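Chemist: Test case, fold it:
(chains A, B, C and D)
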Amino acid sequence: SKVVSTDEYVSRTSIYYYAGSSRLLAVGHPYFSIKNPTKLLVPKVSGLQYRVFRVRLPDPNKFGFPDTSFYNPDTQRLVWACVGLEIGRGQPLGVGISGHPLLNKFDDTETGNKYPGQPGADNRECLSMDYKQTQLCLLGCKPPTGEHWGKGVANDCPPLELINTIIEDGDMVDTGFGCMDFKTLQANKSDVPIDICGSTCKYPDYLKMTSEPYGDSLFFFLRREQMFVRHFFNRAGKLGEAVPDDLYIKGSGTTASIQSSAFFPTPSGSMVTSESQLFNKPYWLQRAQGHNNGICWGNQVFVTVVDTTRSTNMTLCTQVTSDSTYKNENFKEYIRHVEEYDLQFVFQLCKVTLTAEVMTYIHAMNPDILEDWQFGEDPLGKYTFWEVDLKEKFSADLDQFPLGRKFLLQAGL
Amino acid sequence: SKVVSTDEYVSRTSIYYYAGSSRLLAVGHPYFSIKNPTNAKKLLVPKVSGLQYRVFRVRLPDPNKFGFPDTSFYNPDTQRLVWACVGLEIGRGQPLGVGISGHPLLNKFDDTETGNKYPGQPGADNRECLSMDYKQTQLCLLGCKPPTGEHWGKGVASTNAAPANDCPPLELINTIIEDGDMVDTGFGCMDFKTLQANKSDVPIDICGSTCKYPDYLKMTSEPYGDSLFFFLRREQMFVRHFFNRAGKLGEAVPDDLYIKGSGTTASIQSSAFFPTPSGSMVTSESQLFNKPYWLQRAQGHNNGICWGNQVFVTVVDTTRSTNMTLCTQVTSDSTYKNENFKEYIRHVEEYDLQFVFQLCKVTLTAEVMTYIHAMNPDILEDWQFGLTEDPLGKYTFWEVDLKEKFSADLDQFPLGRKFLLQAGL
Amino acid sequence: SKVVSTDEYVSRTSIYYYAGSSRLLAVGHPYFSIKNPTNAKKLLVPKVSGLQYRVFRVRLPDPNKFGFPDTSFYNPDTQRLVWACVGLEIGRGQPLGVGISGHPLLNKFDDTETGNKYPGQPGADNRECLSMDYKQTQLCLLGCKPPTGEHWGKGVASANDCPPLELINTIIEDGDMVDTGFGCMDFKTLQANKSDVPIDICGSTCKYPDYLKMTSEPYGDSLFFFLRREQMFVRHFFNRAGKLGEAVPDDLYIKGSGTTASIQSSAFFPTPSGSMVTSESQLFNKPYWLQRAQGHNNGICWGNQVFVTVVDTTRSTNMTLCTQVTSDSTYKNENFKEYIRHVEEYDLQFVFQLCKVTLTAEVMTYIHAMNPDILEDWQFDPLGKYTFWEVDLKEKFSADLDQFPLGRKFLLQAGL
Amino acid sequence: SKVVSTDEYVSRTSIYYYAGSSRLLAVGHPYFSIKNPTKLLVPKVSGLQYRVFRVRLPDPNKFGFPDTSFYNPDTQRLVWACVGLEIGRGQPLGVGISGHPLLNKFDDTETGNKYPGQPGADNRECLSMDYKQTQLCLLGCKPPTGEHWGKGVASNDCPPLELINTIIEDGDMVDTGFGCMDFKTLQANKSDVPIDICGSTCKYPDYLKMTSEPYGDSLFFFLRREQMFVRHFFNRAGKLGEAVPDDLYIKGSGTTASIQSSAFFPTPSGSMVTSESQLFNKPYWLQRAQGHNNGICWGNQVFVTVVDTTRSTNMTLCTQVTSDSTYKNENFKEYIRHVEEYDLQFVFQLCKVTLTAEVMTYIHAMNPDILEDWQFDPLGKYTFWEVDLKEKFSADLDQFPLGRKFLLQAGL
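Modeler: Residues are numbered from 1 along each chain as shown, chains lettered A, B, ... in the order given. This is the structure:
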């Protein structure tokens, strides 16, 4: 049908509630997960992962309100609207490093590699790098949609297909090598560092999400990406598509067999700073750009976050044997990464008058809304999200919490 | 039980006072303290580093025992007095500059920025002498309660059944930030002494220390808001170099992430990478200090009330971390000989705390006493003198005594003059 | 007594005057002065460096003896006149640029940025020829009192050989070295080997303005106002040769053996770098209008003199000069002599406002407490031991403001 | 005399005119000009040169106006006033490189040069660098005045330095990071700076002298933006003319017996060029000048001085001498060329001057040639880029980009 703003059929009340997730912690390995010598022994926790929080809200129609005289349950139903959001972030600012002990890096081509080139059977090197810096935040009542390139269906070069998937908690953000399925498009498992070489890097499909009719994916969003090229390398292996003859004059002797033009850069996120921080500050959802003005259908909200500005990897070191002199054989080296979150919300209570035209519109939009309201199995159960249960976390005492105090000043309340 | 703003039970007066700490100096060694090879537990050269927290415990005179010229502004039978902080400037001397830390035996193996070709040759001891500049940090915290920090330490492991791996379990620990504690430097906020056994993975000024980061989340969400009247912070860093560690790799790369090598690439190289930080450049424009802050409305419920007649000023300033090179001549000669000179390193810190305080009165009604007792009973204990030791003594602070430093002549001091223009008086 | 603003006992008139120093030039060697080899304790080539303080002592004509066209605007029986500074522009010539300092025999041992592998090779003399660009600094101070600086010197000797450090306040003189990235310390007395910092500071003292002390002095005669802009970052990471005076404690490392048996020097030191000079960050060649000072002296130039203190390293370019001793058809190093010279170009511009002071009994008591020399020169030089760049403006005052650049700007600013 | 603003004796009319030079192109070699084995074959065209345009205006007293009833030629004379200016710049942004195949560079002293030093007879190297970035714009009816350091009069072999003021001519070299000096006379070895300045003089605008001149004819207004940093640290070969004093260092021995050269010098770098930092391709409206001449173009001429290193890209050209199936270096010749594209746009306002006895006395004191040309070429020794606009004035302002902008600015 013709989509209308929620402001036309969802009534706002003066009832507000605060809800906080409290400290959220993830501790794990930044490059790979550790399996049980049989489930996960040590999870993969990286600053380059998507954090997709599925925040569960209490059903307002079954909520224990002190006074339920503000609406008529015979003809009306209740729904929460998000009006304030602050994403707390702990831990200091810092930059981590990823790498590969056997990266397919051949020669440094920044100042030039003189002829002749010597390509043996295995010239992989141990190289590491810092990734492209990314901060982003998405808010909606529907999980976010990402885009990435995978191997499609049919030189033998793989066909490229742009694939849309739901971004799950733990998915890898793009790091400077693009949003692609590195497992299926890079067979040697050695062209990108190990924390993505068997993974898929996804980029938010902002274009698709903003153009969807009802606007359930993006109540609003913020994003800040930056990177530059730090080093200039080339690949080892057969060059799949040779340079055409009309683009160069053939060499002779030392320059007879041409060198590999399969170049690749290493990225660098440059500096992280406090002023460029997107987080630890409130966002007030006054007017969404989509038609859904922050209405949390189904009593759930999705907060999607990427934050590489706190990607420091901690070095842990144990001593196996105590000796009076230093021996490398006496110590084991470990790496660990942590993430500290604290989600804060301010919700506004809303009522929906269920006329025949309103029920028809809602049924077109989403039939499950009317069934859950008991009027006219989780399809998202196949996906992985960070569940945040706030059913027992709602409070009407706004000024007893930081974001609630800010909301009272913002709305002048 | 329901926390309310101090604006509801603390009455403001038109009485203002200035107080200044005058020059505060700390001179010492930036990497370690030097102990006395003799009694008694005293220090020859203290550890003074630009990477340290400065936690000042500012003692204020008890206004209930203060010699006021006219005490007709309140009723001591039913009321009590307390100071409220309304103005603060953190003076900083010495020029801007950046210091450097390092380790003569740092566990640095290979440079992996442009790649390290195979094979790698790891002998018994490949430690090198390397140094670096740290992440730049400016921050300042103000409250009537000492600040709370967070860092990672060694926890306890579940040993049932058998050991999963010898990697130490990590636990997030909250402690009070004491004067002299090390700020995070780019290697995280952790207990390096207990989590890095080889004493050689980070420079020596933190390798036997704990780096702490302020638990801003915990401090702002605590109900009464006595820790943070306000705060300012400015952090920046980038990755300068890319290295890897020597020693046994505790957790090997799984097989599905690479195709095994052969010959030169048979023994995989260490993927225990680590960066060196860099705070980039310090500039005058980004300075947090040497400017006044006016505390008009705090975000917490404590609107600058200095309970217990004390204030905590927490400062980190790495923008003046210059380490001075000192050089003595042992033997006089006409030609240069390396053994005729001794090389020393010293670091200095120059502070000057300035405040403007507002006198306040509290009426001890039945409702006020019930509330204050819930919040903090020690407030009512210090007030009570008849009817009808140090809880923080176990911690180390830079004591700043202002009991004899309060002055009512505001226009006679720099911050007092600024306050008069700001408030229009 | 209790200090009050000059606004309470100094009356302003509508009489304004312009004064300009015209072009001021200093030409010399940036690293050291060249003294006379025979028959003289005078200098052939002065030390002129972009890292020096310029402290101008500006002499103003006594307004009480000034040849005014009509002197009926005040009563000489009960009043006295004094100049107040209301406008200032510090003109700077020469293009923006960065100079370089160094030391042919600097105590640099190894580069410790990517690591120095063991073992270390400490011979008898490993000093190297090294150069660097300094921390960038712009600052400007204005007062009727010479500026006060701070630096670290050798203290009172009072269980090791490390010198005790003492914070010293001195008057900043014209030609003193500003801090360059190694701190404000007496390098001649605190670094005996003369080889830890470049030669243009290794036998000098670097001073930093004691802003805290100057702003806290009661009358506020030192800083009518000030501007400052400093920046630097660490460019390189080195360590020192020589005996390590204070060894690393044993609990901070596990001892090595064989190649790593003899521990390396942890006496690290950085080289600074001022990054870029830009037009946007220039403090100079723009006017400053002194409407209300933060101190109690609101720009009143007691003693008919003003001190202008400037540091500007954004024009520290050192020119390379090359002479040909023998003309030859091919290039030979033995035919040329290499010289280095540095120049500084200033142009001080002022707008002064004439003021009168009514000498009542209460005012005379206050002024006498503040400064007794003020009332005696009125009828109603301990600074000779210091070195300043004397700027004589006694014959440079003009009331025709619109005939000069700063004067035209002032007329537009105040709407006159 | 006593100088007064032109607003006091020059009356403004509501008559405005547009004038544009159209495309201005210069193509040449960025390091040196090429002369014939007999004129000029290839001029020296570099992004480090001053462009000084001498703009000729039509004499308004002899201009063909449609209606001349707005003034009395018996008692008045006409003059143009500049009220709008835009300096059009074509070609993309980019940075060029200068160098010297035989530069007097000895050792790299950035991380240290270990002893002993090996100073042979000729240790010059082939080195190149990017220069200090400079954007500047000057406007007046008098050519600009520059400053540079030259050899003074001798009164101990260091040359005496003297500060010299000259008129900046089109083609003069701006300072590049080595100062504003006469490199031909102050650097005898011809190898201390790159070849495009080593036999030239780098000049810097004498802003102080021009702003302090009484009538203010050189600078109606100006804009400037300079930036640079030190990229590398070197030292010079040759005899050290002035040795380090003995009290500043402890004598060496053995390998460190013979001290190394402390004749250090930096290489500059202009860092990055950006669209945001552009001074050009935007209009400047001359509403009130800081000098007393408020944009009055005495003598029917205007001088526009421009420096722009943000388009200093040098193009590499390569010809093929012999066709062969494999690559051989001797079969190709390598050339270097640089280009500059300008487009000067002006908006002029017609003004009338009533020549009373007081006004004529003032004008004659200021400049006697003004009244003589009014009937009521001293600069032939200098080189300028001549811009003839005598046949380029148009009263149809809304037909041109700058003219449309002016109509919006003044609300006309």
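Chemist: Can I get the helix or strand that contains residue A:100 in CSV, CA atoms only?
Modeler: When elements are assigned from DSSP states H and E, residue A:100 belongs to strand A:98-103. Coordinates of each C-alpha in strand A:98-103 appear next as CSV, following Å, rounded to 0.1, in the frame of the first residue of the first chain:
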residue,chain,number,x,y,z
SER,A,98,46.6,-8.3,12.9
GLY,A,99,48.9,-10.3,10.7
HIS,A,100,49.8,-13.6,9.2
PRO,A,101,52.9,-15.7,9.8
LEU,A,102,52.7,-16.9,6.2
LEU,A,103,51.3,-14.0,4.3
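Chemist: can you tell me if that strand touches chain B.
Modeler: Yes. Under the criterion of C-beta under 8 Å from any C-beta of the partner chain, chain B is reached by strand A:98-103 at A:98-103. Placement of C-beta: from N, CA and C, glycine included.
Chemist: I'd assumed residue A:300 was in contact with residue A:57.
Modeler: Yes. Under the criterion of C-beta atoms under 8 Å, residue A:57 makes contact with residue A:300 at 6.3 Å.
Chemist: Please name the nearest non-neighbouring residue to the residue of the stretch 1-150 of chain A found nearest chain B.
Modeler: Among the residues of the stretch 1-150 of chain A, residue A:125 lies closest to chain B, at 3.4 Å counting by C-beta to the nearest C-beta. Leaving aside its sequence neighbours, residue A:125 sits nearest to residue B:115 (C-beta to C-beta, 6 or more residues apart in numbering or on different chains; 3.4 Å).
Chemist: check contacts around that neighbour.
Modeler: By C-beta atoms under 8 Å, 6 or more residues apart in numbering or on different chains, the residues touching residue B:115 are A:103, A:105, A:108, A:125-127, A:233.
Chemist: Among those, which pair sits farthest apart?
Modeler: A:108 and A:126 (14.3 Å; C-beta to C-beta).
Chemist: gap between stretch A:182-199 and the chain center?
Modeler: A distance of 19 Å separates the centroid of the chain from that of stretch A:182-199, by C-alpha atoms, centre = their mean, to the nearest Å.
Chemist: Report how far apart the opening and closing residues of stretch A:164-174 are.
Modeler: Using C-alpha to C-alpha, to the nearest Å, the end-to-end distance of stretch A:164-174 comes to 15 Å.
Chemist: if I look at the residue in the stretch 1-150 of chain A positioned nearest to chain C, how far off is chain D?
Modeler: Relative to chain C, the nearest point of the stretch 1-150 of chain A is residue A:128 (14.0 Å; C-beta to the nearest C-beta). From residue A:128 across to chain D, the span is 24 Å (C-beta to the nearest C-beta, to the nearest Å).
Chemist: For that residue, give me phi and psi.
Modeler: phi -140, psi 160 (degrees, to the nearest 10).
Chemist: Next: residue A:410.
Modeler: For residue A:410, the backbone dihedrals (degrees, to the nearest 10) come out as phi -60, psi -60.
Chemist: what does residue A:316 give?
Modeler: phi -110, psi 140.
Chemist: Give the bridge partners for it, please.
Modeler: On the basis of DSSP bridges, residue A:316 is bridged to residue A:334.
Chemist: what about the helices in the stretch 151-300 of chain A?
Modeler: Ranges of helices within the stretch 151-300 of chain A are A:182-185, A:206-211, based on DSSP state H, counting those that start in this stretch.
Chemist: Same question for the stretch 301-413 of chain A.
Modeler: Per DSSP H, counting those that start in this stretch, the stretch 301-413 of chain A carries helices over the ranges A:356-365, A:367-372, A:402-410.
Chemist: so how far does stretch A:213-232 reach from one end to the other?
Modeler: End-to-end distance for stretch A:213-232: 44 Å, by C-alpha to C-alpha.
Chemist: cool, and stretch A:392-406?
Modeler: By C-alpha to C-alpha, the extent of stretch A:392-406 from end to end equals 22 Å.
Chemist: any idea how far it is from the chain center?
Modeler: How far stretch A:392-406 lies from its chain's middle: 27 Å, per C-alpha atoms, centre = their mean.
Chemist: cool, and stretch A:368-377?
Modeler: Relative to the chain's own centre, stretch A:368-377 is displaced by 31 Å; criterion: C-alpha atoms, centre = their mean.
Chemist: In CSV, could you pull the C-alpha coordinates for it?
Modeler: The C-alpha trace of stretch A:368-377 is given here as CSV (Å, rounded to 0.1, in the frame of the first residue of the first chain):
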residue,chain,number,x,y,z
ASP,A,368,3.0,-11.0,13.3
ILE,A,369,2.3,-7.6,15.1
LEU,A,370,-1.4,-8.3,15.3
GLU,A,371,-0.9,-12.0,16.4
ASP,A,372,1.4,-11.1,19.2
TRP,A,373,-1.2,-8.5,20.4
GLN,A,374,-3.6,-11.4,20.3
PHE,A,375,-5.8,-10.0,17.5
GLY,A,376,-6.4,-10.9,13.9
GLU,A,377,9.3,-20.3,15.6
